[PDB]
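Input: a single structure, listed below in structure tokens.
4 protein chains.
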Amino acid sequence: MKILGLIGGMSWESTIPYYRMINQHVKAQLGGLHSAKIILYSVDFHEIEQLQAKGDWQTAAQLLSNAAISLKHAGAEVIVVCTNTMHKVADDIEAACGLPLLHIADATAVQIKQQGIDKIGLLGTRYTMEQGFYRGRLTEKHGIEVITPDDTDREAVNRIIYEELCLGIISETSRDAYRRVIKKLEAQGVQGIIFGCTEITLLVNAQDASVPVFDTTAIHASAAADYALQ
Amino acid sequence: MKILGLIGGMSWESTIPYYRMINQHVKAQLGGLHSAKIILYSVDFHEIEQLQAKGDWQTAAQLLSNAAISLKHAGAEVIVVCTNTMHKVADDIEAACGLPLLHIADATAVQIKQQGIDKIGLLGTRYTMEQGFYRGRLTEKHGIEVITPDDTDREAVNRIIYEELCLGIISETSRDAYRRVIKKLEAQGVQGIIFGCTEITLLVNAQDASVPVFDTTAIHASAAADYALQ
Amino acid sequence: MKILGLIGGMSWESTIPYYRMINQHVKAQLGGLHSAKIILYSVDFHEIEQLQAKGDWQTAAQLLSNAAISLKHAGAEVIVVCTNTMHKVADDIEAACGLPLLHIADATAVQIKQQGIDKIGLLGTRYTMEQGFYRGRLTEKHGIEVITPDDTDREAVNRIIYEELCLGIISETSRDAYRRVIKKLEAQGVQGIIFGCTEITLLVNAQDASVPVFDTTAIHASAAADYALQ
Amino acid sequence: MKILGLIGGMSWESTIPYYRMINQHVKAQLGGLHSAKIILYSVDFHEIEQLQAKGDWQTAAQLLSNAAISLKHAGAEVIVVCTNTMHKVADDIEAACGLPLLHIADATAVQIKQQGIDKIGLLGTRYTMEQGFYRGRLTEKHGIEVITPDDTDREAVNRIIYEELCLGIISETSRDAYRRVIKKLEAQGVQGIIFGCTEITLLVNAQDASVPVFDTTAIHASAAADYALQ
Ligand SMILES: [Ca+2]
Ligand SMILES: [Ca+2]
Ligand SMILES: [Ca+2]
Ligand SMILES: [Ca+2]
């Protein structure tokens, strides 16, 4: 099996689901007492936060790129970034370390395609919803049309993540706001909705939509196990 | 802070509490969005169990040692083995990688000695209660007298962990048995009791003892965080 | 005594306590060398889980119905399904085999009513807390008022069972969460609290509650023994 | 997967280890969430005992045979009798139901022969050590010579199983007796030793023998799981 290099700690709470699910998938596929071979570089989140606060994505890219190279030295054969948003620097990481990088958007696209879907709604941080790294990749690489909320609604979705969910605040009114945004996406004729942030799943679930939901973190973890065993 | 190198996957389920507790300690001490700097090498448990089943400690030590060396290449400055029985080859791993290794028995011995305790009761799997790597180390290295239950009670304790607690089964007769064994250790004049694995606390806790109880796993994770921050 | 037909293997770990407790109850009541007369059909959980994940309740019903008919052929006189959520198709299983089925929700309702309680708290998976087969059955069939946690707390309770407890992962923050949810239920005026699955006991127990706890699994086993002896 | 028909041991405590081990083996070999398909018939020992006391051994035998015929009706494809001593009626059961019976002695014999062994020492209840059903099968059917302890040692071995080991009592003097009996078998030139029941492993194990030891009950459960998967 391939040794997976995970870059996490952003936050450590959202890294645990990867570690759990990759291991569960490997055990299911191989049986015995098998678990995944994982080398996880868990950074101090504060360092990344200070960089984001200064808009210094260059240095943030360097920090995670260096983690990837360290994982390569340790024997990792592929890189898995355990956060949707930090894929903002995935191209930098991949170019820097020379290992394959299992991109979260590509893993989601696989499942979307498997369901025959060509038009999807997308929820996440503003970065994830607006920028080329995730939304642009679904479309330009995989030919999937992506619909996001309007600006006022993206502001609310984003604020709730950083302001509440990230701090462990799970609000009923925030849930109702997401429920409304979901209905608006569905009104645009989307065939499914991507929950493109681990924390979103703390607030809403499959019962809050009338179309298939895609939990990108869970899908990414499953994809990572599949890759290790391929 | 120092970068911690964790060797886990033995099993992965028991690695999660280490990762969680170490991060929680760092957040509590440093505040803000601080998390621990951790590089975790999670091995395939099937390989380790197979070697252990053959009594091939030499190869097992080599495998863990290679993991420790990998972590060193990635930047780890200290090694924490997130399991109890593999500590049988802790001194070999430490010598092989040239990094300090925070031994699970040593971390607990420090707490016991600081509290003035010189006679301790030990509960855990049969291996932990009988073998040299944990109990022998407390005595030979730290000068602490170790009392264990009698043969009948060790068998009962061990059976309950393997056949019940490990299966998620909580029996009220088994809880009573553990309570009785604790009282028996206390009647022998122990000044504290070590819980050698986390499974024990599914049945009993400090409320069941008149002497202090030492959760060796919890102490290990706390010692790791402390070392990283010193 | 009646021959009990147990349908288990969902999972096999969960079946062991039913088998043990029923036998213990019979021995306690009849004394001497008596044990229960049990015929157990233990299914392949993989088949059930796959059907459950696809929402194919019809086929799941057929599978368990065939198990029940098999037990009838072997001489069983009553059916006990050793799991909570498959009770979703209990009425279909009962009809298929023509034997009485001792429903997990009825057994607990009976204990609640005998203790003069008409307002109860309910903790369990989201299935159990939200669907008709258990929650709705307590209220509709037995006239018992059922209070469950709010949306947020239900998500947490459920996530913790699936993501942690089922894996043996005991998290103190999770323990704290359950303790708060219990106090919130009590604040609501519930006269007792049901633990819908044994996983909950891994984290919390009677000490954590100011009201009587109803372990629906233990109660189910007790009811099965009592019925056999009736 | 074949459906296994298990006939419970006189004590349900003796049956649970078969259910646990078979399931663990199937999960290990197949992965997923797979568990064994087992139909277990667990009798009320009182009923058997009462018939025997009355001197009606034929009806008592018919009762176990009846259990096997019932398992056939339920769809079992092979009979597995739990415990070595129970095999005293294995021949009767097999003749009565017409299903293949996976005999504890045959499962162990093929493992012994694979190791190139043709002379073994046998420890167990006096029944197991003296009667035809187990040892006779090893010698007559498989060509394995069987050495047993002398009469005084058989009495001791037997008493210790019934009076101590079945109750989980571990006596140092009993352990010493078993160790001596092992050396006496080794002195007779045995190439391996069979532990007739798993209770024996409470006193002695591989560390006490200078020849390979065979836990025939554990081997039996392993063989049952293996056969279900063929
Ligand atoms: Ca231990
Ligand atoms: Ca001393
Ligand atoms: Ca204490
Ligand atoms: Ca025997």
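Protein chains in written order, with PDB author numbering: chain C, 2 to 231; chain A, 2 to 231; chain D, 2 to 231; chain B, 2 to 231.
For each residue, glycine too, the CB sits at the ideal point set by N, CA and C.
{"Query": "Do the stretch 36 to 49 of chain B and the stretch 154 to 171 of chain B make contact, defined as three or more Cβ pairs closer than 8 Å?", "Result": "no"}
{"Query": "Tell me residue 120/A's beta-bridge partners as DSSP assigns them.", "Result": "146/A"}
{"Query": "Any heavy atom of ligand 4 closer than 6 Å to the CB of residue 202/B?", "Result": "no"}
{"Query": "With H, G and I counted as helix, E and B as strand and the rest as coil, what does DSSP make of residue 79/C?", "Result": "strand"}
{"Query": "What residue range does the beta strand (DSSP E) around residue 7/B cover?", "Result": "5 to 8"}
{"Query": "Kindly list the residues whose CB is nearer than 6 Å to the CB of residue 139/B, restricted to its own chain and excluding five residues on each side of it in sequence; keep chain order.", "Result": "106, 110, 145 and 147"}
{"Query": "Exposed or buried, residue 136/C, counting other C-beta atoms within 10 Å across all chains shown (16 or more means buried)?", "Result": "buried"}
{"Query": "I'd like to confirm something about residue 207/A: is its beta-carbon nearer than 6 Å to some heavy atom of ligand 3, or not?", "Result": "yes"}
{"Query": "On the three-state DSSP scale, how would you describe residue 66/B?", "Result": "helix"}
{"Query": "Would you say residue 10/D faces chain A, with C-beta separation under 7 Å as the test?", "Result": "no"}
{"Query": "Would you mind stating whether residue 81/D and residue 58/D have Cβ atoms separated by less than 7 Å?", "Result": "no"}
{"Query": "Threshold first: 3 residues or longer. Then list the beta strand (DSSP E) segments lying entirely within the stretch 150 to 231 of chain A, N to C.", "Result": "194 to 196 and 214 to 216"}
{"Query": "Per DSSP, which one or two residues make a beta bridge with residue 42/C?", "Result": "8/C and 40/A"}
{"Query": "Which residues in chain C have a C-beta closer than 9 Å to the C-beta of residue 126/D? List them in chain order.", "Result": "Here the premise fails: no neighbours, minimum Cβ distance about 13 Å."}
{"Query": "Run through DSSP, which three-state label would residue 102/B get?", "Result": "strand"}
{"Query": "Kindly indicate which three-state DSSP category residue 35/B falls into: helix, strand or coil?", "Result": "coil"}
{"Query": "Would you report the Cα separation of residue 51/A and residue 223/D, rounded to the nearest angstrom?", "Result": "41 Å"}
{"Query": "Going straight from the alpha carbon of residue 1/B to that of residue 17/A, what length do you get?", "Result": "Outside the displayed range of chain B (2 to 231) lies residue 1/B, so it cannot be described from this structure."}
{"Query": "Leaving out five residues on either side along the sequence, give the residues of the same chain with a beta carbon under 7 Å from the beta carbon of residue 68/A.", "Result": "8, 42 and 44"}
{"Query": "Taking 6 Å as the cut-off, does the CB of residue 144/A come closer than this to any heavy atom belonging to ligand 2?", "Result": "yes"}
{"Query": "To be precise: take each residue of the stretch 30 to 60 of chain B, compare its Cβ to all Cβ atoms of chain C, and keep it if any distance is under 9 Å. Which residues remain?", "Result": "30, 31, 32, 33, 34 and 35"}
{"Query": "Using only alpha-carbon positions, find the residue among 128/C, 78/C, 215/C and 171/C that is nearest to residue 191/C.", "Result": "215/C"}
{"Query": "Using the Cα positions of residue 179/C and residue 128/C, report the straight-line distance between them to the nearest angstrom.", "Result": "17 Å"}
{"Query": "Could you check if residue 150/A is buried or exposed, using at least 16 other CB atoms within 10 Å of its CB as the buried criterion?", "Result": "buried"}
{"Query": "Using 6 Å as the cut-off, classify the Cβ of residue 159/B as near or not near the heavy atoms of ligand 1, replying yes or no.", "Result": "no"}
{"Query": "How would you label residue 20/C, buried or exposed, when you count the other beta carbons within 10 angstroms and need 16 or more for buried?", "Result": "buried"}
{"Query": "Should the stretch 196 to 211 of chain B be regarded as contacting the stretch 203 to 212 of chain D, the criterion being three or more beta carbon pairs within less than 8 Å?", "Result": "no"}
{"Query": "On a Cα-Cα basis, can you pick out the residue from 73/A, 98/A, 32/A and 103/A that is closest to residue 85/A?", "Result": "103/A"}
{"Query": "Any chance the CB of residue 98/C is under 6 Å from a heavy atom of ligand 1?", "Result": "no"}
{"Query": "Between residue 53/A and residue 61/A, what straight-line distance do the alpha-carbon atoms span, to the nearest angstrom?", "Result": "7 Å"}
{"Query": "Does the beta-carbon of residue 170/C have 16 or more other beta-carbons within 10 angstroms, so that it is buried, or is it exposed?", "Result": "exposed"}
{"Query": "Hey, could you find the ends of the alpha helix (DSSP H) residue 129/B is sitting in?", "Result": "127 to 131"}
{"Query": "Among the residues of its own chain, which have a CB less than 6 Å from the CB of residue 101/B, if the five just before and after it don't count?", "Result": "79"}
{"Query": "Give a yes or no on whether the minimum CB-CB distance between residue 159/A and chain C is below 7 Å.", "Result": "no"}
{"Query": "Given this structure, state the Cα-to-Cα distance separating residue 114/C from residue 142/D, to the nearest angstrom.", "Result": "45 Å"}
{"Query": "With 8 Å as the limit, tell me which residues of the stretch 190 to 203 of chain C have their beta carbon closer than that to any beta carbon of chain D; keep them in chain order.", "Result": "203"}
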